[PDB]
Number of protein chains: 2
Amino acid sequence: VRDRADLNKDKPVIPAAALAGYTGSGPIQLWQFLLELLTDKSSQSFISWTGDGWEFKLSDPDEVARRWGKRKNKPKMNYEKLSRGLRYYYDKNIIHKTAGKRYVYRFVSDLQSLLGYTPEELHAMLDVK
Amino acid sequence: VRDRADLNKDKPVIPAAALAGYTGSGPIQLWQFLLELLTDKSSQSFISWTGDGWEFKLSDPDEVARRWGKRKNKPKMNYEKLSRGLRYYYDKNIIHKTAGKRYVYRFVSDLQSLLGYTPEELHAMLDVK
DNA sequence: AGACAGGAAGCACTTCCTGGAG
DNA sequence: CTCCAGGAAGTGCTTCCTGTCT
């Protein structure tokens, strides 16, 4: 059995650069970035899936903001501003706020027809219940 | 003498990403993009310094646009549009258009005191004139 | 107080287009 | 024609602020 296919490795399952390159959507966007962090085993301490579908929660809001800023060269980035970005998604039907729960948002389920992966397949690949 | 791990190889003398990080100017901008290609030995075939100060020339506009498009994930990018972005630099005083010379522009923001380099030195680190 | 909704203004283009000069 | 100038509209935030709830 020479032809070995040991899947991927230890890198974000859905990296932002590739997603954005694939869709030719322009420079990387906030939701694409959060998607990368979420499909990456290591990032799991400051951002994770709540287990309920596409609902995710920013366990440590500032760590996520710090990286968002470091990624776009916006040193003064933080959650108060990062979140304004999310609120604009409410109309564009991309992400919605999970009312009543601190730091909790949910992608619209149509992300599944774009990614090709099911929230459950993604949960499995990583490790969440 | 092992401490001879001191190179000056084939990587841009001024990467756009690092320049942006150094200034914390946000996503890579077009003028930073062209700066990187101009300070990269391997790109002297489609874009290069004309030898007069910071005057540069797009010897192959389409290749520059293509590359520009690939950096920001905008596959439909062409010179027609890249040059529109350049024109918006006139009122911002970042670039001046050499009149009577196809595809020739000049950086006019004070690049020397921001990069620390000199038109001459950069000309030296490269083989231009 | 911090989380959160959304108005307002600004930034750096990207995309479309009229129009003028060589 | 192609280059080139610049108007006008739109995107995806970034930055700032009022106001509400909790």
Side-chain angles (χ1 to χ4, degrees), chain A residues 16-17 19-20 23-35 55-62 64-108, chain B residues 16-17 19-21 23-35 56-62 64-107 109:
Chain A
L19 179 51
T23 59
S25 66
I28 178 187
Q29 297 157 47
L30 183 55
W31 66 271
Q32 286 169 152
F33 175 80
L34 295 183
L35 188 59
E55 176 177 295
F56 65 95
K57 166 190 176 184
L58 275 47
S59 58
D60 179 23
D62 296 317
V64 171
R66 222 202 74 256
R67 314 221 177 189
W68 182 220
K70 179 165 175 280
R71 180 79 69 111
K72 283 267 290 294
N73 297 142
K74 304 310 300 185
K76 279 200 169 177
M77 180 51 63
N78 69 81
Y79 186 72
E80 135 90 3
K81 282 127 71 170
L82 176 155
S83 78
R84 185 48 179 105
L86 297 182
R87 288 195 288 289
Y88 272 129
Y89 291 156
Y90 299 169
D91 277 4
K92 303 193 288 193
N93 268 310
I94 297 179
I95 287 189
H96 284 293
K97 184 72 185 70
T98 295
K101 294 181 181 182
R102 250 136 160 287
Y103 319 127
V104 191
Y105 302 76
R106 187 195 302 272
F107 291 93
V108 298
Chain B
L19 167 51
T23 40
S25 58
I28 182 186
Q29 294 170 42
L30 179 55
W31 71 267
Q32 290 176 152
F33 176 71
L34 298 181
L35 190 51
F56 61 100
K57 178 182 189 305
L58 272 57
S59 48
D60 189 316
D62 313 317
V64 187
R66 249 202 58 269
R67 277 134 176 303
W68 182 216
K70 177 140 76 67
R71 179 61 65 80
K72 283 180 64 187
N73 303 132
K74 304 301 291 190
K76 301 178 186 181
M77 181 50 61
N78 59 27
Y79 178 67
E80 227 262 301
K81 294 182 284 174
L82 175 160
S83 76
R84 177 69 195 88
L86 286 185
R87 288 195 290 284
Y88 276 129
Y89 284 154
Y90 300 164
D91 206 34
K92 288 203 275 200
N93 302 299
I94 288 186
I95 274 167
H96 181 274
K97 181 85 191 62
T98 300
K101 300 193 173 186
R102 273 194 168 216
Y103 317 133
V104 188
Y105 295 83
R106 185 194 302 267
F107 294 113
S109 52

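Just so we're on the same page: letters track the sequence lines, and every chain starts at 1. We use all heavy atoms of the structure for the numbers below, so side chains are in, but hydrogens, waters and symmetry mates are not.
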Hey, does [X] reach any base, or is it just sugar-phosphate, or nothing, if we go heavy atoms under 4.0 Å?
{"X": "B:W31", "value": "nothing"}
{"X": "A:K74", "value": "sugar-phosphate"}
{"X": "B:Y89", "value": "sugar-phosphate"}
{"X": "A:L30", "value": "sugar-phosphate"}

Rounded to the nearest 0.5 Å, what's the gap from [atom1] on [X] to [atom2] on [Y]? Could you check?
{"X": "B:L30", "Y": "B:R71", "atom1": "CG", "atom2": "CZ", "answer": "11.5 Å"}
{"X": "B:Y90", "Y": "B:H96", "atom1": "OH", "atom2": "NE2", "answer": "8.5 Å"}
{"X": "B:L86", "Y": "B:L58", "atom1": "CG", "atom2": "CG", "answer": "7.5 Å"}
{"X": "B:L19", "Y": "B:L35", "atom1": "CG", "atom2": "CG", "answer": "6.5 Å"}
{"X": "A:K101", "Y": "A:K57", "atom1": "NZ", "atom2": "NZ", "answer": "9.5 Å"}
{"X": "B:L34", "Y": "B:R67", "atom1": "CG", "atom2": "CZ", "answer": "12.0 Å"}

[X] [atom1] to [N] [atom2]: how many Å, rounded?
{"X": "B:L82", "N": "C:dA12", "atom1": "CG", "atom2": "P", "value": "16 Å"}
{"X": "A:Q32", "N": "D:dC13", "atom1": "CD", "atom2": "P", "value": "8 Å"}
{"X": "B:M77", "N": "C:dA12", "atom1": "CE", "atom2": "P", "value": "16 Å"}
{"X": "B:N78", "N": "C:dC13", "atom1": "CG", "atom2": "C1'", "value": "14 Å"}
{"X": "B:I28", "N": "D:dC13", "atom1": "CD1", "atom2": "P", "value": "18 Å"}
{"X": "A:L86", "N": "C:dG6", "atom1": "CG", "atom2": "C1'", "value": "14 Å"}
{"X": "A:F33", "N": "D:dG12", "atom1": "CZ", "atom2": "P", "value": "18 Å"}
{"X": "A:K72", "N": "C:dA12", "atom1": "NZ", "atom2": "P", "value": "13 Å"}

*Taking the side chain of B:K81 as heavy atoms from C-beta outward, which of C:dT15, D:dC4, C:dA5 is closest to it?*
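For B:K81, the side-chain atoms sit closest to C:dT15.
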*Which nucleotide in D:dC4, C:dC13, C:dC4 has an atom nearest any side-chain atom of B:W68*: C:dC13
_Phosphate contact (D:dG12 OP1 or OP2) by A:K92 side-chain N/O below 4.0 Å_ =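 Affirmative; the distance criterion is met.
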*Presence of B:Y90 side-chain N/O under 4.0 Å of D:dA5 phosphate oxygens OP1/OP2*: yes
*Show your reasoning for whether side-chain contact (heavy atoms from CB on, under 4.5 Å) applies to B:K92 and B:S109.*
CA-CA 9 Å; B:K92 288 203 275 200; B:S109 52; over 6 Å; no
*asked:* Quick test of your reading: applying side chain to side chain donor-acceptor pair (under 3.5 Å), list the pairs with at least one residue in residues 76-86 of chain A, sequence neighbours left out, ordered by first then second residue.
replied: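 Passing the test, one end in residues 76-86 of chain A: A:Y79-A:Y105, A:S83-A:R87, A:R84-A:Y88.
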Please list, pair by pair, any protein nitrogen or oxygen found under 3.5 Å from a nitrogen or oxygen in nucleotides 1-3 of chain D.
unit_1	atom_1	unit_2	atom_2	d
D:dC3	OP1	B:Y103	OH	2.6

Distances under 3.5 Å only, N/O to N/O: pair up the protein atoms with those of nucleotides 8-10 of chain C.
unit_1	atom_1	unit_2	atom_2	d
C:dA8	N6	A:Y88	OH	2.9

*Has the side chain of B:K97 got a donor or acceptor atom that lies under 3.5 Å from a matching backbone atom of B:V104?*
yes
_Other residues, nucleotides, ligands: >12 heavy atoms within 6.0 Å of A:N93 CG_ = yes
